[PDB]
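Undergrad: Taken in order, these protein sequences are the chains called A and B.
The opening residue of the first sequence carries number 1 in our numbering; numbering runs sequentially from there.
The opening residue of the second sequence carries number 218 in our numbering; numbering runs sequentially from there.
Protein chains: 2
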Amino acid sequence: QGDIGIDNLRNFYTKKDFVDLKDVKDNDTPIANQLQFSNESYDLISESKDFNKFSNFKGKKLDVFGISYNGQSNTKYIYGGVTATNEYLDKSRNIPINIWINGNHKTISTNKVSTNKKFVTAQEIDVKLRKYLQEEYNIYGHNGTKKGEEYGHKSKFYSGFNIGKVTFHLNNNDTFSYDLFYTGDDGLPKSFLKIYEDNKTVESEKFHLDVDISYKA
Amino acid sequence: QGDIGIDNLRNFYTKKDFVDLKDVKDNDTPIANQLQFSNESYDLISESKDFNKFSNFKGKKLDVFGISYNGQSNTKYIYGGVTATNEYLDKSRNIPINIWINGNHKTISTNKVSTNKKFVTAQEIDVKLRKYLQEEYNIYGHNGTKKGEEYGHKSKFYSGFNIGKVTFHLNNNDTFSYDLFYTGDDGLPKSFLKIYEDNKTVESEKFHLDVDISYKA
Ligand SMILES: [Cl-]
Ligand SMILES: [Cl-]
Ligand SMILES: [Cl-]
Ligand SMILES: [Cl-]
Ligand SMILES: [Cl-]
Ligand SMILES: [Cl-]
Ligand SMILES: [Cl-]
Ligand SMILES: [Cl-]
Ligand SMILES: [Cl-]
Ligand SMILES: [Cl-]
Ligand SMILES: [Cl-]
Ligand SMILES: [Cl-]
Ligand SMILES: [Cl-]
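(1) With DSSP run on the structure shown, which of helix, strand or coil describes residue 286 of chain B?
(2) Using a cut-off of 7 angstroms between C-beta atoms, extract the partners of residue 186 of chain A located in chain B.
(3) From the DSSP output, read off the bridge partner residues of residue 117 of chain A.
(4) What's the gap between the Cα of residue 224 of chain B and the Cα of residue 210 of chain A?
(5) Under 8 angstroms between the Cβ atoms of residue 133 of chain A and residue 82 of chain A?
(6) Closer than 8 angstroms by beta-carbon distance: list the chain A residues that pair up with residue 380 of chain B, in chain order.
(7) Tell me, please, whether the region 272-291 of chain B touches the region 235-243 of chain B by the rule of three or more beta-carbon pairs shorter than 8 angstroms.
(8) Which of helix, strand or coil does DSSP assign to residue 435 of chain B?
(9) Alpha carbon to alpha carbon, how far is residue 294 of chain B from residue 287 of chain B? Give it in angstroms, no decimals.
(10) Going by DSSP, what residue range makes up the alpha helix (DSSP H) through residue 55 of chain A?
(11) Going straight from the alpha carbon of residue 25 of chain A to that of residue 311 of chain B, what length do you get?
(12) Which residue from A/194, A/215, A/46, A/205 puts its Cα closest to that of residue 171 of chain A?
(13) Helix, strand or coil for residue 381 of chain B, going by three-state DSSP, please let me know.
(14) Would you mind telling me which residues of chain B sit closer than 7 angstroms to residue 11 of chain A, beta carbon to beta carbon, in chain order?
(15) Quick check on residue 192 of chain A: does DSSP put it in helix, strand or coil?
(16) Within 10 angstroms of its Cβ, does residue 152 of chain A collect 16 or more other Cβ (buried), or is it exposed?
(17) Regarding residue 439 of chain B and ligand 11, is the C-beta to nearest heavy atom distance less than 7 angstroms?
(18) Exposed or buried, what is residue 37 of chain A when buried is set at 16 or more other beta-carbons lying within 10 Å of its beta-carbon?
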């Protein structure tokens with residue numbers, strides 16, 4: 001009856017704790033499309049369509065960041081999220097953001113959207129960004145504060161917004177974008193998180209974000 | 218270590234065959250809190266905290282319905298489950314159900330939740346209901362079909378749900394409820410089935426069910 005994608009976007013992007021593993025050794029299985037990181041409670045399984053990258057990462061110490069969802073028994077899944085552990089930046093870089101809210105542009109940078117990775121996954125930046133947008137603009141509704149109240153509750157999220165895009169602007173002239181309100185075919189994380197299966201990375205010092213949020217009735 | 222309550226709720230409510238005995242004579246023991254029904258393989262022992270009811274039932278022909286669990290040697294236990302054999306309905310009555318799934322209400326009646334007893338145990342209705350909810354909504358996970366796939370697998374049951382209630386609405390009214398995810402203190406049937414020890418009955422023609430299933434992390 002309902003759209004499970006609404007609660008799932010809000011939960012998985014803004015309430016559930018992100019995966020944040022540093023310098024963890026992959027288990028080096030024969031599985032071509034997965035890396036696997038074991039701990040005392042569960043195994044985290046990363047899936048990617050970049051088999052060549054994953055082959056190179058087999059048995060290496062790696063960083064993992066993003067959104068996980070439940071697997072059978074003591075397993076959890078994440079799409080991509082994996083980076084190498086060869087070099088880092090000397091400190092956290094806050095990613096510069098150009099943001100348009102109902103067509104009105106401003107700029108912001110925040111400790112809440114930052115990385116010290118030399119190459120960071122687009123996933124890590126995106127999930128941090130959406131958590132921040134929920135905090136500041138209540139984009140998915142029910143953020144639990146008064147921040148973003150000025151935009152109303154007209155959308156099916158009980159928010160002011162139902163259209164939005166994050167655009168990664170590379171030093172290039174290249175870009176790529178994700179839809180902030182994409183719920184996949186069924187509103188389930190196995191579907192909507194699949195956008196991260198390329199394990200796309202960006203050079204952290206050499207990109208910025210353009211963000212757009214709006215409403216259409 | 219795991220939560221044995223997960224597998225036990227799934228097994229005892231949805232895989233293990235329910236006790237369904239009709240017009241069986243109690244053995245008329247001196248035991249105040251138990252009735253006993255003997256067959257060629259084992260004795261089924263019903264336990265209740267309603268000593269007055271059990272005293273009245275001693276040595277009578279009775280109906281027994283619910284969930285049994287293992288006793289020593291050739292014995293099995295059930296909490297309550299016992300009704301008299303004086304009168305019945307002319308055919309089975311499907312119990313009307315109001316159900317909320319993630320806050321969305323609909324109505325259903327089904328042959329799978331029905332009784333022809335004039336007074337039926339809340340136990341019989343509850344266990345039938347939960348088997349039906351597993352079939353239709355995969356509430357306890359691993360139902361073995363695609364029904365309920367649309368709710369996902371985020372919960373520790375590998376299902377879309379971790380909060381739920383069945384409410385018996387009497388026509389007076391008077392309600393009482395059971396928690397659909399209660400596992401008792403230890404996850405064992407001797408514990409979680411104890412909710413049925415009152416041998417509570419309802420007048421079958423004069424009640425309906427309100428059911429609520431949802432998820433929180
Ligand atoms: Cl499981
Ligand atoms: Cl990398
Ligand atoms: Cl509004
Ligand atoms: Cl909307
Ligand atoms: Cl709402
Ligand atoms: Cl999809
Ligand atoms: Cl780049
Ligand atoms: Cl069993
Ligand atoms: Cl009775
Ligand atoms: Cl009917
Ligand atoms: Cl899910
Ligand atoms: Cl859970
Ligand atoms: Cl009643």
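We put the beta carbon where it would ideally sit given N, CA and C, even for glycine.
TA: Checking against the coordinates, here is how it stands:
(1) Walking along the second sequence from the start, residue 286 of chain B turns up at place 69. Here residue 286 of chain B sits in strand by DSSP.
(2) In the first sequence, the residue the question calls residue 186 of chain A occupies position 186. Those within 7 angstroms of residue 186 of chain A in chain B are 367.
(3) Taking the first sequence and counting its residues from 1, the one referred to as residue 117 of chain A is at position 117. Residue 117 of chain A is bridged to A/88.
(4) Position 7 of the second sequence, counting from 1, holds the residue named residue 224 of chain B. Position 210 of the first sequence, counting from 1, holds the residue named residue 210 of chain A. Looking at the two C-alpha atoms, the distance is approximately 48 angstroms.
(5) Counting from 1 along the first sequence, the entry for residue 133 of chain A is found at position 133. Counting from 1 along the first sequence, the entry for residue 82 of chain A is found at position 82. Against a cut-off of 8 angstroms, the Cβ pair of residue 82 of chain A and residue 133 of chain A comes out as no contact.
(6) Start at 1 with the first residue of the second sequence, and residue 380 of chain B comes out as number 163. By Cβ distance, chain A contributes nothing, its closest Cβ being about 13 angstroms from residue 380 of chain B, past 8 angstroms.
(7) yes
(8) The shown model of chain B, from 218 to 434, leaves out residue 435 of chain B, and the question about it has no answer.
(9) Looking up residue 287 of chain B in the second sequence gives position 70. Looking up residue 294 of chain B in the second sequence gives position 77. Distance between the alpha carbons of residue 287 of chain B and residue 294 of chain B is about 6 angstroms.
(10) Within the first sequence, the letter at position 55 stands for residue 55 of chain A. Start and end: 51-57.
(11) Taking the first sequence and counting its residues from 1, one reaches residue 25 of chain A at position 25. Taking the second sequence and counting its residues from 1, one reaches residue 311 of chain B at position 94. Near 57 angstroms, if we compare the C-alpha coordinates of residue 311 of chain B and residue 25 of chain A.
(12) In the first sequence, residue 171 of chain A corresponds to position 171, counting from 1. Among A/194, A/215, A/46, A/205, the Cα nearest to that of residue 171 of chain A belongs to A/205.
(13) For the purposes of this step, residue 381 of chain B is taken as residue 164 along the second sequence, with counting starting at 1. Residue state, collapsed to three classes: strand.
(14) For this step, residue 11 of chain A is matched to residue 11 along the first sequence. Within 7 angstroms Cβ-Cβ: 434.
(15) The count along the first sequence starts at 1 and reaches residue 192 of chain A at position 192. Residue 192 of chain A: helix per DSSP, three-state reduction.
(16) Indexing the first sequence from 1 puts residue 152 of chain A at position 152. Flag for residue 152 of chain A reads exposed.
(17) With chain B covering only 218 through 434, there is no way to say anything about residue 439 of chain B.
(18) Counting from 1 along the first sequence, the entry for residue 37 of chain A is found at position 37. Looking at its Cβ environment, which holds 16 or more other Cβ atoms inside 10 Å, residue 37 of chain A is buried.
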